[PDB]
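Trainee: This is the structure I want to talk about, given as structure tokens.
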Amino acid sequence: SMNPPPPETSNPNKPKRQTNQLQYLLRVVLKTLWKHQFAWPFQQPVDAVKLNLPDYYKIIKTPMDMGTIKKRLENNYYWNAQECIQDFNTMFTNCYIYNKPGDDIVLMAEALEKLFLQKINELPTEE
Ligand SMILES: CCS(=O)(=O)Cc1cnc(Oc2ccc(F)cc2F)c(-c2cc(C)c3n2CC=NC3=O)c1
């Protein structure tokens, strides 16, 4: 029940790097999913307290949300686009695990994972 501490967004000793693709993940991919009608549930960590889901963090062990993605991008916390894409994947996977097919939150996710996959089909090249 009690809310764990969010995932970190800055880490002095982690190798950081700004690539063209990482720039794209924030400027085009993150910031177009953000505006979607179904983004809001995923714009910050899940508050198992506010929602009264004391079991969320007992089932979800790697939490992830577009809020901590947007914070990680803007902090250039990532080394390459793939680790940022992995955090999106974890976010969706989390939602399909704690929930079951047909739930409204899954519908929002399944959709967002569709929009996400369509937007990252074509990433920029490196200089
Ligand atoms: C994120 C801060 S917050 O204060 O908690 C706002 C918030 C409100 N409602 C939520 O659930 C629904 C969201 C839309 C629905 F149509 C129906 C929900 F039950 C959620 C939320 C986000 C995520 C990933 C999940 N949930 C709920 C259950 N499982 C989840 O995996 C979050």
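Chain labels A, B, ... are given in the sequence in which chains occur in the structure tokens; within each chain residues are numbered consecutively from 1, and ligands are likewise numbered from 1 in the order shown.
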How would you report the residues lying within 6 Å of ligand 1, as a PyMOL selection string, if you count only C-alpha atoms and all ligand atoms?
Mentor: chain A and resi 41-42+44-47+50-51+95+104-105
Trainee: Can you tell me, as a compact mmCIF listing (two decimals) with N, CA, C and O atoms, in the first residue's frame, what residues are no more than 12 Å from residue 59 of chain A when counting only C-alpha atoms, ignoring any on the same chain fewer than 2 positions away?
Mentor:
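Once written, result31.txt looks like this:
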```txt
# COMPACT_ATOMS: atom_id res chain seq x y z
N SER A 1 0.81 -1.22 0.00
CA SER A 1 0.00 0.00 0.00
C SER A 1 0.86 1.29 0.00
O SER A 1 0.85 2.03 -0.99
N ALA A 48 -0.57 4.11 -5.43
CA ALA A 48 -1.39 3.02 -4.93
C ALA A 48 -2.23 3.48 -3.74
O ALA A 48 -3.24 2.84 -3.43
N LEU A 53 -5.16 0.80 -4.10
CA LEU A 53 -4.67 -0.45 -4.67
C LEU A 53 -3.44 -0.87 -3.87
O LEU A 53 -2.30 -0.81 -4.36
N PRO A 54 -3.64 -1.30 -2.63
CA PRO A 54 -2.50 -1.67 -1.78
C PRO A 54 -1.68 -2.79 -2.34
O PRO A 54 -0.59 -3.04 -1.82
N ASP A 55 -2.15 -3.49 -3.37
CA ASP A 55 -1.39 -4.59 -3.93
C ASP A 55 -0.55 -4.20 -5.15
O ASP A 55 0.25 -5.02 -5.61
N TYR A 56 -0.70 -2.98 -5.68
CA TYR A 56 0.01 -2.64 -6.91
C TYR A 56 1.50 -2.89 -6.76
O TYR A 56 2.09 -3.68 -7.51
N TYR A 57 2.12 -2.20 -5.81
CA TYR A 57 3.55 -2.36 -5.61
C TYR A 57 3.91 -3.68 -4.96
O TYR A 57 5.09 -3.98 -4.81
N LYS A 61 7.10 -4.69 -9.57
CA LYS A 61 8.40 -4.51 -8.95
C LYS A 61 9.32 -3.54 -9.67
O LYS A 61 10.23 -3.00 -9.04
N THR A 62 9.13 -3.30 -10.97
CA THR A 62 9.83 -2.25 -11.70
C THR A 62 8.80 -1.24 -12.18
O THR A 62 8.22 -1.40 -13.27
N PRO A 63 8.50 -0.22 -11.39
CA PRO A 63 7.51 0.77 -11.82
C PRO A 63 8.09 1.69 -12.88
O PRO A 63 9.29 1.92 -12.93
N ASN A 94 4.04 -3.56 -17.34
CA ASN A 94 3.46 -3.41 -16.00
C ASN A 94 1.94 -3.43 -16.08
O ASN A 94 1.27 -4.18 -15.36
N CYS A 95 1.39 -2.60 -16.97
CA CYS A 95 -0.05 -2.40 -17.00
C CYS A 95 -0.80 -3.66 -17.42
O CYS A 95 -1.93 -3.88 -16.98
N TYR A 96 -0.20 -4.47 -18.29
CA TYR A 96 -0.81 -5.72 -18.72
C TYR A 96 -0.66 -6.81 -17.68
O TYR A 96 -1.39 -7.81 -17.73
N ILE A 97 0.26 -6.65 -16.74
CA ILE A 97 0.46 -7.67 -15.73
C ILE A 97 -0.51 -7.47 -14.56
O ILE A 97 -1.24 -8.40 -14.16
N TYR A 98 -0.53 -6.27 -13.99
CA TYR A 98 -1.39 -6.05 -12.84
C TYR A 98 -2.85 -6.11 -13.23
O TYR A 98 -3.70 -6.38 -12.38
N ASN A 99 -3.15 -5.83 -14.48
CA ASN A 99 -4.52 -5.81 -14.96
C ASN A 99 -4.73 -6.99 -15.90
O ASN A 99 -3.80 -7.75 -16.20
```
Trainee: Name the residues in contact with residue 122 of chain A at a cut-off of 12 Å, using only C-alpha atoms, excluding same-chain residues fewer than 3 positions from it; report them as a list in words.
Mentor: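 Returned residues: residues 21, 24, 25, 28, 29, 116, 117, 118, 119 and 125 of chain A.
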Trainee: Restricting the calculation to only C-alpha atoms: of A:19, A:106, A:112, A:127, which residue gets closest to residue 35 of chain A?
Mentor: A:112
Trainee: Interatomic distance between atom CA of residue 8 of chain A and atom CA of residue 121 of chain A?
Mentor: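 Computing it gives 27.5 Å between the two atoms.
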Trainee: Quick one, how far is atom CA of residue 68 of chain A from atom CA of residue 30 of chain A?
Mentor: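 Distance reported for this atom pair: 11.0 Å.
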Trainee: Which residue gives the smallest distance to residue 124 of chain A among A:13, A:82, A:43, A:20, with only C-alpha atoms counted?
Mentor: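 For residue 124 of chain A, the nearest of the candidates is A:20.
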Trainee: Find the residues around residue 83 of chain A up to 12 Å (only C-alpha atoms counted), leave out those fewer than 3 positions away in its own chain, and share them as a PyMOL selection string.
Mentor: chain A and resi 16-17+21-22+25+69+72-73+76-80+86-90
Trainee: Can you spit out the residues from that selection as an mmCIF file, in the first residue's frame, using C-alpha atoms?
Mentor:
```cif
data_model
loop_
_atom_site.group_PDB
_atom_site.id
_atom_site.type_symbol
_atom_site.label_atom_id
_atom_site.label_comp_id
_atom_site.auth_asym_id
_atom_site.auth_seq_id
_atom_site.Cartn_x
_atom_site.Cartn_y
_atom_site.Cartn_z
ATOM 1 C CA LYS A 16 24.884 9.966 -20.024
ATOM 2 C CA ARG A 17 24.645 10.819 -23.692
ATOM 3 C CA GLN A 21 17.408 9.583 -31.558
ATOM 4 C CA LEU A 22 17.088 10.417 -27.860
ATOM 5 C CA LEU A 25 12.117 10.306 -28.321
ATOM 6 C CA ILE A 69 10.521 9.085 -18.757
ATOM 7 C CA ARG A 72 14.869 11.126 -17.580
ATOM 8 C CA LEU A 73 14.921 12.456 -21.154
ATOM 9 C CA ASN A 76 19.692 13.183 -20.486
ATOM 10 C CA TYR A 77 19.768 10.295 -18.017
ATOM 11 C CA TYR A 78 19.875 7.839 -20.924
ATOM 12 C CA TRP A 79 22.857 6.542 -22.918
ATOM 13 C CA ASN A 80 20.959 5.418 -26.051
ATOM 14 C CA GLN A 86 12.835 -0.118 -22.722
ATOM 15 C CA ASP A 87 11.253 2.117 -20.080
ATOM 16 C CA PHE A 88 8.185 2.598 -22.266
ATOM 17 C CA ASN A 89 8.007 -1.155 -22.753
ATOM 18 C CA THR A 90 8.202 -1.759 -18.986
#
```
Trainee: Interatomic distance between atom CA of residue 67 of chain A and atom CA of residue 18 of chain A?
Mentor: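 Here the two named atoms are 18.9 Å from each other.
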Trainee: Taking into account only C-alpha atoms, which residue in the set A:103, A:84, A:10, A:70 is nearest to residue 32 of chain A?
Mentor: A:70
Trainee: Rank nothing, just name the residue among A:26, A:3, A:108, A:115 nearest to residue 52 of chain A, using only C-alpha atoms.
Mentor: A:3
